[PDB]
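2 protein chains.
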Amino acid sequence: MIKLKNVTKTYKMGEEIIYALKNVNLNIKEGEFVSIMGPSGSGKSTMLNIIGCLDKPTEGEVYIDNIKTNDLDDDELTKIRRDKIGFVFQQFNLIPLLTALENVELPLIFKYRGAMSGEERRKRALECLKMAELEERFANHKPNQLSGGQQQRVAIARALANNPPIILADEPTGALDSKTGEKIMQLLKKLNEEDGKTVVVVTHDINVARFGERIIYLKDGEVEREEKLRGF
Amino acid sequence: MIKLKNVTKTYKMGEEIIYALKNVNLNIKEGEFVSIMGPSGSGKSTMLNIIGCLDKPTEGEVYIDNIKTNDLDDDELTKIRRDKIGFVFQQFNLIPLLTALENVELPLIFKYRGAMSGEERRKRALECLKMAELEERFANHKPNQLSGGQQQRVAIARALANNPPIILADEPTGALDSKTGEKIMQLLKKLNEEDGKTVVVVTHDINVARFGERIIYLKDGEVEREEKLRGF
Ligand SMILES: Nc1ncnc2c1ncn2[C@@H]1O[C@H](COP(=O)(O)OP(=O)(O)O)[C@@H](O)[C@H]1O
Ligand SMILES: Nc1ncnc2c1ncn2[C@@H]1O[C@H](COP(=O)(O)OP(=O)(O)O)[C@@H](O)[C@H]1O
Ligand SMILES: [Mg+2]
Ligand SMILES: [Mg+2]
């Protein structure tokens with residue numbers, strides 16, 4: 081589903097051409113849990129931004145579900161992200177004055193404006209909140225009234241919202257504790273294995289990378305090696 | 081307040097190095113209404129992104145209130161945008177499930193978390209809504225219940241919110257009609273002239289550019305010329 085061919089991403093700081101991704105080659109299978117491991121600076125997040133269609137590779141070529149995103153105009157690019165990708169992050173990113181169920185409704189508003197009813201949005205939003213294994217009785221609560229763990233479960237239901245086959249997570253458990261951090265992981269595993277979601281998680285903590293079928297070790301902008309752990 | 085020195089912004093599309101801003105030099109005085117005029121492609125918005133601290137110049141140097149933003153880490157960069165800049169755009173950008181007054185509270189939440197009270201946020205939010213000349217009786221309304229004009233008045237109160245000396249507008253009246261489009265302009269004029277705000281507006285419609293003390297004509301990434309219209 082996600083595919084890369086000779087991607088490079090440079091950052092011109094003037095006289096300093098810095099390379100974040102160098103001649104990187106990858107191919108993520110549909111419904112495959114993959115993890116990008118590396119220290120701060122490896123180029124992990126840069127890659128999560130390109131695959132997420134948040135950025136353009138200074139070379140190479142990105143394929144999302146076999147579709148070359150490179151030349152797509154911003155409008156078309158936004159159609160990709162909103163339909164083909166589900167985002168999650170370390171920084172929860174919830175709106176402070178919206179109920180857990182409202183934060184899940186937003187993406188659905190932006191995709192289906194004027195098509196779906198308030199009743200249908202409230203329903204889908206809950207299905208995704210229930211799917212993200214957050215008790216229904218916590219739907220009406222706002223951000224600061226939920227455990228940091230419950231908060232990530234909201235970012236997850238919001239990402240699952242418009243039903244994207246892809247889910248990218250950037251150091252999702254960085255903000256949590258080992259115990260709840262594992263539940264979230266066990267949750268991405270659930271989605272991938274059962275629901276069939278193509279999960280790609282970026283991390284520096286190897287313990288998280290182990291939930292992936294394969295870890296892709298990234299070093300100073302380049303892929304040092306790959307590690308297959310399961311599907312033999 | 082805003083200052084540029086030999087800024088260039090290139091976009092590597094691979095074998096194609098495209099230039100959006102080429103060796104551009106500018107200096108906006110404090111409390112000065114300036115307009116960047118140009119056809120779609122001039123490089124206007126690119127410049128609005130750099131001045132807004134949304135992007136980094138591939139060369140040159142940006143000064144916001146005399147402070148060089150170039151080397152600032154993302155955290156420090158965010159402190160700049162949230163404290164020194166007030167954004168507005170053609171695309172209103174309001175959250176659909178939040179009341180006009182709530183959309184104005186958000187920036188204040190993000191800057192003053194845990195410091196200010198619900199009562200103080202509700203007050204400042206209204207002051208800015210009243211300043212943006214939107215009747216107080218429209219505070220409790222949500223987006224789709226306000227005239228497109230009332231909606232821009234919300235983006236304006238939200239921008240004025242954390243009290244930024246700067247206000248950048250990107251084709252603010254593009255989405256409106258001539259009549260209400262002029263009221264919004266007359267409103268930025270109000271802020272600049274009375275309140276003392278440094279207003280910089282990016283546009284392709286010359287009729288809007290005329291509210292500026294000087295128009296900066298931009299052509300294919302370069303400043304073709306400048307036009308002083310008032311302070312002689
Ligand atoms: N917007 C940017 N401007 C300049 N350099 C960048 C930018 N984004 C990333 N980099 C560079 O890319 C490298 C790492 O990329 P990054 O996305 O931060 O990955 P990681 O999460 O592993 O640190 C760093 O050396 C950094 O300097
Ligand atoms: N993210 C980008 N990637 C590649 N090219 C860009 C990007 N942003 C702007 N450009 C280029 O910059 C030029 C105009 O810049 P832009 O910000 O769109 O200004 P304007 O509003 O006047 O069109 C165009 O030629 C465009 O191709
Ligand atoms: Mg990172
Ligand atoms: Mg533009």
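Read top to bottom, the protein sequences are chains A and B. First residue of the first sequence: 81, per this note's numbering; consecutive thereafter. First residue of the second sequence: 81, per this note's numbering; consecutive thereafter. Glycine residues also receive a C-beta, built at the ideal position from the N, C-alpha and C atoms.
Contact belief for residue i with residue j at Cβ below 8 angstroms, rounded distance in angstroms
{"i": "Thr-278(A)", "j": "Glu-112(A)", "result": "6 angstroms"}
{"i": "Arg-202(B)", "j": "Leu-181(B)", "result": "7 angstroms"}
{"i": "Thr-260(A)", "j": "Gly-292(A)", "result": "Incorrect: roughly 19 angstroms between the Cβ atoms, too far for contact."}
{"i": "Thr-90(B)", "j": "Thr-138(B)", "result": "5 angstroms"}
{"i": "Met-117(A)", "j": "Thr-283(A)", "result": "6 angstroms"}
{"i": "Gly-140(A)", "j": "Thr-88(A)", "result": "6 angstroms"}
{"i": "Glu-306(B)", "j": "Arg-290(B)", "result": "Wrong, their Cβ atoms sit about 14 angstroms apart, outside the cutoff."}
{"i": "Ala-239(A)", "j": "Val-288(A)", "result": "Not confirmed; about 17 angstroms, so no contact."}
{"i": "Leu-177(B)", "j": "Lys-222(B)", "result": "7 angstroms"}
{"i": "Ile-247(A)", "j": "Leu-226(A)", "result": "Contact doesn't hold; Cβ gap of about 20 angstroms is too wide."}
{"i": "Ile-82(B)", "j": "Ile-108(B)", "result": "4 angstroms"}
{"i": "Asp-153(A)", "j": "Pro-244(A)", "result": "Incorrect: roughly 20 angstroms between the Cβ atoms, too far for contact."}
Endpoints, alpha helix (DSSP H) assigned at residue i
{"i": "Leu-84(A)", "result": "No alpha helix (DSSP H) contains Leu-84(A), which is instead part of the beta strand (DSSP E) from 82–92."}
{"i": "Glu-200(B)", "result": "198–211"}
{"i": "residue 322(A)", "result": "Residue 322(A) is absent from the structure shown; chain A starts at 81 and stops at 312."}
{"i": "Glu-262(B)", "result": "258–270"}
{"i": "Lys-308(B)", "result": "That residue, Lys-308(B), is in no alpha helix (DSSP H); its beta strand (DSSP E) goes 302–308."}
{"i": "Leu-128(A)", "result": "124–131"}
{"i": "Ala-289(B)", "result": "286–289"}
Residue i beta carbon near ligand 4 (any heavy atom closer than 7 angstroms)
{"i": "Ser-125(B)", "result": "yes"}
beta-carbon residue i near ligand 5 non-hydrogen atom, thresh 7 angstroms
{"i": "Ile-82(A)", "result": "Summarising the ligand content, the structure contains ligand 1, ligand 2, ligand 3 and ligand 4 and does not contain ligand 5."}
Any non-hydrogen atom of ligand 1 within 7 angstroms of residue i CB
{"i": "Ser-122(A)", "result": "yes"}
{"i": "residue 67(B)", "result": "Summary: the structure shown does not reach residue 67(B), with chain B confined to residues 81 through 312, and so no result is reported for it."}
{"i": "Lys-136(B)", "result": "yes"}
{"i": "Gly-198(A)", "result": "no"}
{"i": "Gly-118(A)", "result": "yes"}
beta-carbon residue i near ligand 2 non-hydrogen atom, thresh 7 angstroms
{"i": "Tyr-297(B)", "result": "no"}
{"i": "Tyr-91(A)", "result": "no"}
Residue range of the beta strand (DSSP E) that includes residue i
{"i": "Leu-298(A)", "result": "294–299"}
{"i": "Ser-115(B)", "result": "114–117"}
{"i": "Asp-154(A)", "result": "Taken as a continuous stretch (DSSP letters only), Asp-154(A) belongs to no beta strand (DSSP E), being part of the alpha helix (DSSP H) at 154–164."}
{"i": "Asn-107(B)", "result": "97–108"}
{"i": "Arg-238(B)", "result": "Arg-238(B) -> not in any beta strand (DSSP E); alpha helix (DSSP H) instead, spanning 228–240."}
{"i": "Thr-283(B)", "result": "278–283"}
{"i": "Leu-248(B)", "result": "246–250"}
{"i": "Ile-144(A)", "result": "141–144"}
Chain-order list of residues whose beta-carbon lies under 6 angstroms from that of residue i (same chain, five-residue window excluded)
{"i": "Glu-185(A)", "result": "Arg-201 and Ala-205"}
{"i": "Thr-126(B)", "result": "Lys-89, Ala-100 and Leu-101"}
{"i": "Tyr-297(A)", "result": "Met-117, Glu-304 and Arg-305"}
{"i": "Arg-161(A)", "result": "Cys-133"}
{"i": "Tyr-143(B)", "result": "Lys-83"}
8 angstroms CB neighbourhood of residue i in its chain, flanking five on each side removed
{"i": "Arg-193(A)", "result": "none"}
{"i": "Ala-255(B)", "result": "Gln-170, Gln-171, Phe-172, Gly-228 and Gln-232"}
{"i": "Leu-188(A)", "result": "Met-196, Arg-201, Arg-204, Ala-205, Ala-241 and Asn-242"}
Contact set for residue i: own chain, Cβ-Cβ below 7 angstroms, skip 5 residues either direction
{"i": "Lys-85(B)", "result": "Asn-105, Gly-140 and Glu-141"}
{"i": "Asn-173(A)", "result": "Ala-235"}
{"i": "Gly-301(B)", "result": "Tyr-99, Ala-100, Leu-101, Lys-102 and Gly-123"}
{"i": "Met-211(B)", "result": "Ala-237 and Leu-240"}
Where the segment 157–171 of chain A meets chain B: residues whose CB sits under 7 angstroms from a CB there: none
Interface residues of the segment 119–133 of chain A facing chain B [CB-CB below 7 angstroms]: none
Residues, ordered as in the chain, of the segment 90–122 of chain B that lie near chain A by beta-carbon distance below 9 angstroms: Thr-90, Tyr-91, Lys-92, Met-93, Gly-94 and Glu-95
Interfacial residues, the segment 132–151 of chain A to chain B, with Cβ spacing under 7 angstroms: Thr-138 and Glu-139
Interfacial residues, the segment 271–297 of chain A to chain B, with Cβ spacing under 9 angstroms: none
Chain-ordered residues of the segment 184–217 of chain B with a beta carbon less than 9 angstroms from chain A: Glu-185, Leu-186, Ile-189, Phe-190 and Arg-193
Selection of the segment 237–260 of chain A by Cβ proximity to chain B, strictly under 9 angstroms: none
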